[PDB]
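>>> need coordinates for the following:
(2 chains)
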Amino acid sequence: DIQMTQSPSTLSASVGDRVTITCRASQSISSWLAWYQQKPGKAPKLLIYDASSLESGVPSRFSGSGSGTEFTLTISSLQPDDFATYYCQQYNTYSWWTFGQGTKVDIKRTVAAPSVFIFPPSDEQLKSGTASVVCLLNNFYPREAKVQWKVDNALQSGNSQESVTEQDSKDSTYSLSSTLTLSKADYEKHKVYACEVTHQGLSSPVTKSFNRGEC
Amino acid sequence: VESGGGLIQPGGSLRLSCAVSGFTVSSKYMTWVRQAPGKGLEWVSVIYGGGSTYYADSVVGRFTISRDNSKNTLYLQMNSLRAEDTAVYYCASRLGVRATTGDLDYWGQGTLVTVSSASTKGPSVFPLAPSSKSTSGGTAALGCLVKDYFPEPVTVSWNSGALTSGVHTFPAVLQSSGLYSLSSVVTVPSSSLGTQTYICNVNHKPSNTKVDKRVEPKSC
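Numbers count the residues shown, from 1 in each chain, chains lettered A, B, ... in the order given. The protein structure is shown below:
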């Protein structure tokens, strides 16, 4: 199958900016590529097809170029209505169409490192036979942030999940919570619980941790 | 709007329907595209005007696309459903007549499919207590962990709605167990932790659960 890789993952922008998103195909596809716009909770909307043809009634500030493997979508002067997620799609083959992973165009602000806080399980939860640890990343920009959990130095893979807020309408940041869930029994078998956070506003990854017994 | 979606246990079947008014379903190619919560678009299947059908690897052998021209309706039969098939499903097509084969200018509203073995279950509401671990520049973070409930939704307020600013109630996540979990957090001045109480109010109507949880500060 053809993999479509868009970049960047989030494009920071302001009203009036000239904004360009890129989309790369893992196989050549001539001009058989379309661009979609999508807002949260709503269906996608076709902007451009055949790489450079406008769907009728779409504003002419939208343009596209490329043919082969490298394609660009340009918004010449961003409007408030244009903050959204944008997808490319290839239809080179009749047999299998694929979309890129999406590019979110959000409201540009200064870089802000997250405040990272960690919450051991409540003694309350411990009596139910499970133990959850929560790592809060508060008020950060841009959206890209990596959370890694370690228990006594062991990378945890499969027992965590993440949730992110929409861009704050006031301060334009994001916040993120990750929950690591273990059995009571193995929680009481280990000592160090560590949330490692990677974010552009940090000079290096930050680790917030606690030892099980202490508070 | 697409229908036939909703809740189904793993191994079960659903039959989506996409009834259209504005064009005939059989003169066009029609497709299904799905989107998991928080994720991108995944093309699922296509039926061309000539009747040919094609499927993404991930669904071949389990899904069947079809149309009934009499009712002007597109279908997706979904068998042997798995948790990873949880998604919003859109039917889509192209109304512009042009020589092109694959762009989509018509999209349905979308309909949510959730694949879970879970029965109705009220949340456990666990405190996220403020402490040194959650204070910074004179502001402390605290919250409530609203764990293992089904189905959606829950509502969370703080101090019965008196406390709204600084509150972040995160989108729920469907866990590998088939139960949902979410957190709600709030940042407040740390000087307030001893002098004022913070309570999160969690309502889960399906289970008739209404919990008020006091979040006491840790003295470490």
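>>> use CA for all of it now, contacts and neighbours both
Fine.
>>> check contacts around residue A:182.
With contact set as Cα atoms under 8 Å, 6 or more residues apart in numbering or on different chains, residue A:182 has these partners: A:130, A:131, A:132, A:159.
>>> tell me which helix or strand it sits in.
Taking DSSP states H and E as the definition, residue A:182 sits inside strand A:174-183.
>>> which SSE is immediately downstream of that strand?
Heading C-terminal from strand A:174-183, the first helix or strand you meet, by DSSP H and E, is helix A:184-187.
>>> CA atoms only: put that next one into PDB for me.
C-alpha atoms of helix A:184-187 as PDB (Å, rounded to 0.1, in the frame of the first residue of the first chain):
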ATOM      1  CA  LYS A 184      -2.300  -3.400  42.800                       C
ATOM      2  CA  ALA A 185       0.000  -6.400  43.300                       C
ATOM      3  CA  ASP A 186       2.700  -5.300  40.900                       C
ATOM      4  CA  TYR A 187       2.300  -1.700  41.900                       C
END
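>>> can I get the contacts of residue A:182 in a markdown table with secondary structure and neighbour count?
Below are those laid out as a markdown table (DSSP: H, G, I helix; E, B strand; the rest coil; neighbours: other Cα atoms under 10 Å in any protein chain shown):
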| residue | secondary structure | neighbour count |
| --- | --- | --- |
| A:130 | strand | 16 |
| A:131 | strand | 22 |
| A:132 | strand | 23 |
| A:159 | coil | 13 |
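>>> which one of the residues you listed is nearest to residue B:159?
Top of the list for closeness to residue B:159, among those and by Cα to Cα, is residue A:132 at 24.1 Å.
>>> so what's the closest residue in space to the closest one that isn't next to it in sequence up against?
What sits nearest to residue A:132 in space, not counting adjacent residues and going by Cα to Cα, 6 or more residues apart in numbering or on different chains, is residue A:181, at 4.3 Å. Residue A:181 makes contacts with A:130, A:131, A:132, A:133, A:159, A:160, as judged by Cα under 8 Å, 6+ apart.
>>> ok, back up a step: list the buried ones in the strand holding residue A:182?
Neighbour-count burial for strand A:174-183, counted by 16 or more other Cα atoms under 10 Å in any protein chain shown, picks out A:174, A:175, A:176, A:177, A:178, A:179, A:180, A:181, A:182.
>>> listing partners with orientation, what would you give for that strand?
If you go by DSSP bridges, strand A:174-183 pairs up with strand A:130-140 (antiparallel), strand A:160-164 (antiparallel).
>>> run the chain-centre distance for that strand.
Relative to its chain's centre, strand A:174-183 lies at 16 Å (Cα atoms, centre = their mean, to the nearest Å).
>>> over to stretch B:52-63?
On Cα atoms, centre = their mean, the centre of stretch B:52-63 falls 23 Å from the chain's centre.
>>> same thing with stretch A:30-37?
22 Å.
>>> show residues contacting that stretch.
Contacts to stretch A:30-37, defined as Cα under 8 Å, 6+ apart, come from residues A:44-51, A:66-69, A:73, A:84-92, B:103.
>>> contact partners for residue A:43?
With Cα under 8 Å, 6+ apart, residue A:43 has these contacts: B:90, B:107, B:108, B:109, B:110.
>>> let me have those residues in JSON lines, extended by secondary structure.
What follows is these, written out as JSON lines (DSSP: H, G, I helix; E, B strand; the rest coil):
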{"residue": "B:90", "secondary structure": "strand"}
{"residue": "B:107", "secondary structure": "strand"}
{"residue": "B:108", "secondary structure": "coil"}
{"residue": "B:109", "secondary structure": "coil"}
{"residue": "B:110", "secondary structure": "coil"}
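>>> taking the residues you listed together, which two end up most distant?
Across the contacts of residue A:43, the longest distance by Cα to Cα is 8.1 Å; it joins B:107 and B:110.
>>> more neighbours, these two?
Taking other Cα atoms under 10 Å in any protein chain shown, residue B:107 and residue B:110 do not tie; residue B:110 has more neighbours (24 against 20).
>>> in contact with that one, which residues?
Counting by Cα under 8 Å, 6+ apart, residue B:110 makes contact with A:43, B:1, B:2, B:88, B:89, B:90, B:91.
>>> filter these down to the buried ones.
A:43, B:2, B:88, B:89, B:90, B:91.
>>> I'd say the third one and residue B:108 touch.
It stands for residue B:88. No. Contact criterion Cα atoms under 8 Å: residue B:88 and residue B:108 do not qualify, at 10.8 Å.
>>> span of stretch A:147-159 from start to end?
13 Å (Cα to Cα, to the nearest Å).
>>> circling back: out of the strands paired with strand A:174-183, nearest to residue B:115?
For residue B:115, the closest of the strands paired with strand A:174-183 is strand A:160-164, at 17.6 Å, according to Cα to Cα.
>>> can I get the contacts of residue A:182 in TSV including distance to residue B:40?
What follows is those, written out as TSV (distance: Cα to Cα, whole Å):
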residue	distance to residue B:40
A:130	32
A:131	31
A:132	28
A:159	22
